[PDB]
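Shown next are two forms of a single protein chain, provided one at a time as structure tokens under the names structure 1 and structure 2.
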Structure 1
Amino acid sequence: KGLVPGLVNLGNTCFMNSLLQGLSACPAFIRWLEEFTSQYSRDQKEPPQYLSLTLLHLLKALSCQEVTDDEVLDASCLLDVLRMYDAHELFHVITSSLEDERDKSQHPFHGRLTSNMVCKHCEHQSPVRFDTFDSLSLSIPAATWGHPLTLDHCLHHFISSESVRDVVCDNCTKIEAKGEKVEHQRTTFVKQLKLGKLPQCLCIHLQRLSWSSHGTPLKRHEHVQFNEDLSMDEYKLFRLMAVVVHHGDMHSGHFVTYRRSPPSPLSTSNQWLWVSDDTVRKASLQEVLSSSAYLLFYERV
């Protein structure tokens, strides 16, 4: 019975159980947590009041690295430590709080980013900006009958086709201000990106949350094709480890996670699992790939 422990869900902690199950599938994050909490074990072991210690022992039990006799784990201690200081924003909350505790080495999700904005009517380039990312949040383009949506299409749109109209072109504005007759062209800007350092744990986020004209939240259920292997050479090799899937609508939905089985070491298992909080069942790669991914966790091979 090669299964992972489950997680209790009293009613509204799916967004965390789904993320935790996925984070336990990235062995380098867990290894970085161990070497980070080594500082607290210098004197005695510090069994407490620390977020990294609470997260590590959860991920170590979920990845079957620590012997667990309870067939279900309870992660409520992680939520209480967060409150004293959407599964995607929780990911950004956890990574930020771990960085504040470290303020050592950067967590394997940390990447570097170089960005530039170019006007679509005169090709004027904005000043180059330097950024960091812990995840690549991608837009989902428009669908079409007989035209399937792929993750690569989303990655190309994210790199050189992302539109932004929070800015205006200085060249087109000076020109339009002339003694003649000049028509105002629609301000269209594209944000051309180029990734610098690729992190060894890659998180890809598909933006499924939209907003109507009256402020009501909308969900895009369109399927995005992805594979267990993802090459990032065209944007400069990653293996899919887990997938966070959101079912239902924005109001009465539910978070679930597909994840790989824990290794029998360093060799990634081909056995996928379906984890809905406390329920853990075996699954096939065909089921994983047929789902509408919300968060994709990869690892550099």
Structure 2
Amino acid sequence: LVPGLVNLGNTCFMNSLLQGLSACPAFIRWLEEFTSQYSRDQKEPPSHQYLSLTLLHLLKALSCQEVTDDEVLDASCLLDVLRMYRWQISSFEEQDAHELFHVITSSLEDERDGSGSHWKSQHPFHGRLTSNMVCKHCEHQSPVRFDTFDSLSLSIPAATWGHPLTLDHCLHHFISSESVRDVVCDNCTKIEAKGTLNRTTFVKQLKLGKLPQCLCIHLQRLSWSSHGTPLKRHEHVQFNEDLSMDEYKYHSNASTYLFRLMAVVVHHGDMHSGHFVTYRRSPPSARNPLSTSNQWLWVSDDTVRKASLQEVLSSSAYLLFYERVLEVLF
């Protein structure tokens, strides 16, 4: 049992996300850590943490049982604090669970930068990509260039052979990078007779450098047609409860990076009828707070329902919330 969240009208892009975030215990602990961290010898006091305390207040209530039977919470307080930051919704496509995830993370970085005299920890969704290039003709490679992410936003590939789509396919499609042409190579010492070794073709190599504690994967199901009309991807992408991320590592080593599914945000319907909804694990009890559960839930604003894993895995995922786990035992 978890408490529901009220939604009169346009607030279910936040309810669905809040049910997903509250299913990531590492994100909750980071908030308890982030909202209580400070430095002793500093002379400036820390800037106030309206968002991270409001977000922690909600997510901690969404990771316990409902405090009175069948209670329904009200997260409108969080809408008000996000408007104290730089954010207002202008159009309908900003009522997006993925857009809000970036509005929240971006605003938590504001709270982090706003207390710069005190060490505040970095949030567990943060990770890095590594750009790299290798010369086809001489195997020489470039220094790495870094890029940062809070979610792996994956474009959904077009069908070649009619095999089912997998999260492996969408992830590889995102990291897979092309051959490049007309590029000078210094190990080849090329251009022309101005050096004396064998314009070349490179291969771009994009892989994962820092893998986050909480991994957010986004399927780009909502896009626009050629001529200004909404395009929705309905194709099922097959995902699993346990996810190996070793095939995407930059570093060539044997240590394993493994993730366990915590929640799935789903988008149902189309225009007028469209709705965001969330599958999530049930939170552990105040006894055994440390041992997570294997009973899933389906949460739709004020409505909460028990769900089977077959139901979660057969859904049409929009956001997949994975959390780093060490070994397979469950």
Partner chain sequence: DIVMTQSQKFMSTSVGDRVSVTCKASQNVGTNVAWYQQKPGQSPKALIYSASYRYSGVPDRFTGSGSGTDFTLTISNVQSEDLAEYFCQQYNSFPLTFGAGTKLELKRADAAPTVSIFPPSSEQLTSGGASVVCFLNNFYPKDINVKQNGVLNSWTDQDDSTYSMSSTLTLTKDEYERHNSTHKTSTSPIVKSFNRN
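Here the rigid core means the biggest group of C-alpha atoms that line up within 1.5 Å when the two forms are laid on top of each other. Shifts are known only where both forms have a C-alpha. Throughout, residue numbering runs from 1 along the sequence of structure 1.
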{"property": "Of structures 1 and 2, the one that is the form solved in complex with its partner chain", "result": "2"}
{"property": "Rigid-core fit between the two structures, the member of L73, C119, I94, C154 whose C-alpha shifts 2 angstroms or more", "result": "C119"}
{"property": "Core fit, then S252 C-alpha moves 2 Å or more between the two structures", "result": "yes"}
{"property": "Shift of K197 between the two structures at or above 2 Å (CA, core fit)", "result": "no"}
{"property": "C-alpha of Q271 moved at least 2 Å between the two structures on rigid core", "result": "no"}
{"property": "Cα displacement of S41 between the two structures, once the rigid core is superposed (Å)", "result": "12.5"}
{"property": "Shift in Å of the C-alpha at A143 between the two structures after core superposition", "result": "3.0"}
{"property": "Core superposition result - C-alpha of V128, shift between the two structures, Å", "result": "5.3"}
{"property": "Rigid-core superposition between the two structures, with residue runs of at least 3 whose C-alphas all shift by 2 Å or more", "result": "39 to 48, 65 to 70, 115 to 129, 143 to 146, 161 to 178, 186 to 192, 250 to 252"}
